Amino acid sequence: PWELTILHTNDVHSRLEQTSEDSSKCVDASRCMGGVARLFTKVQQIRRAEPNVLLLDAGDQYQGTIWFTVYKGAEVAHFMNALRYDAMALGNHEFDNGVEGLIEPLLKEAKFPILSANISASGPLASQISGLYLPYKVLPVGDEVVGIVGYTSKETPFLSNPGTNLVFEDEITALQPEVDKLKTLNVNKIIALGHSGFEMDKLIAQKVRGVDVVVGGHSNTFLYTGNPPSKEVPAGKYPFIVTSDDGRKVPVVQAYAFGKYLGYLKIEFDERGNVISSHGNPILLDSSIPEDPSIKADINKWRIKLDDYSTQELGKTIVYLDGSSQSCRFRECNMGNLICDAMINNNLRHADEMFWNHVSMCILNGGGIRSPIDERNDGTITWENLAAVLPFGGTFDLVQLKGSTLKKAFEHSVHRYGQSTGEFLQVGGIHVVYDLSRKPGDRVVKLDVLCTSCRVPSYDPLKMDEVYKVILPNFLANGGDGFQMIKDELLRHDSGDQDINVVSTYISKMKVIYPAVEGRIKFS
């Protein structure tokens, strides 16, 4: 039997430095985790011991911290080249800075193949991009070869900025002929590496004949066999075994997100490329593993430009930005209006004749707004100021919610009004009226929402059975601040851009901001 070691990361999301336990800023180094210097140590160790090793990334290196804001992907090419990745699949966030911000910094600078079989271009762009990403690569491994076929979320146009040329094809439809073609070229060991989420990974394992292993991403899925090593709760065993339509057992793996874990799967193949066995587990990259000193020194050198950037002017405000708890946990506050407006602006994507924009609505718990910004520093706003308001290193995500769920959320928002609790909601594209003289649970007396399926945006009553797209913190999509109804009832959830980066982009674009308190939230 020929034994392959697959080492894999996904959704690293700009966690170049070691992080806290919850993948925010590292404060107590003896409890910090991940980062590329520690990943380098562990990959180097495994490559010393195991003969046949591939190091794979299933996409979404782009987006998540100030590293991406400043270096725009040059950090990804540099540090992935230093760790000697063997292949990467394109994720949705690789399109955040458009095609041009993918071609230049990543596709031209990576020393490893970048893959996606389900993205096609036309016109001049097809000539410009030809060969800079590939459907698959056949890689030598010891005295064998392994085919790696890539795939990217078909939902990328809703979740990033790929532009109107590129077309994202159904993953299974695009993959099967490429896997068919590898079989005709005598490549009998095939890894599908891609970025569509755990549910689609299982469907690919089931339906794409000839795929031996699926290495995925997007859904930040944690799989584990045994007692979990940290706080993440497993969605299933590692690997997750799918019974294929061709009647094989196909292992499916993912490794959470944020560089906290290194996926590690050992596959035994027979002489005909059939998987005889598969076993492994993700490795927690905790402080017991030292940071490679050379990578850490390069990381500290690259940090200098980040520190310099963090105190530069992004834009100006001519208004005080009231992010005080006394405002934002009790009533409409202008800092909440600013952040929700920035969240909606971040989610303007290219539209059908069917909507002016696919999403119009935002909610933000006042518990998430942690500072005001004073306008009397010559109106200057810096990144450092925004990091005081939004200190948790979260994302602003897209969810689909029934109107009944969202009405429940607005009831939760005031269920114990008066105590300075964090669940009080700041909004965009939503007008709510409360009557606090009613029983908890029955205090929302008006709730109107901004249409999407309309050429002129206007407000309509919320409908209980209708499914709304909403931009909201990752923290609330995960039921934070008591919003269990959101976690339990949401129909779709895709992670979005870093919270600070959303607001800093909007302020940069606007140049001069003056958000008002304007009646989005009233009390009767």
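Heads up: residue numbers just count along the shown sequence, starting at 1.
- Higher mean CA B-factor, judged across 395-403 and 437-445 from the recorded values: 437-445.
- Legend: mean Cα B-factor per stretch from the PDB entry, 324-332 versus 423-431; the higher mean is in 324-332.
- Annotation for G101, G418, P282, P372: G418 ranks highest, by Cα B-factor.
- Per the PDB record, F355 has a higher Cα B-factor than any other of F198, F222, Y261, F355.
- The deposited CA B-factor of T69 belongs to the middle third of values across its chain.
- Among the modelled residues of the chain, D170 sits in the highest third by CA temperature factor in this PDB entry.
- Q312 sits in the highest third of its chain by CA B factor, as recorded in the PDB entry.
- Sort the modelled residues of the chain by CA B factor and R455 lands in the middle third.
- Per the deposited record, the Cα B-factor of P113 falls in the middle third when ranked against the other modelled residues of its chain.
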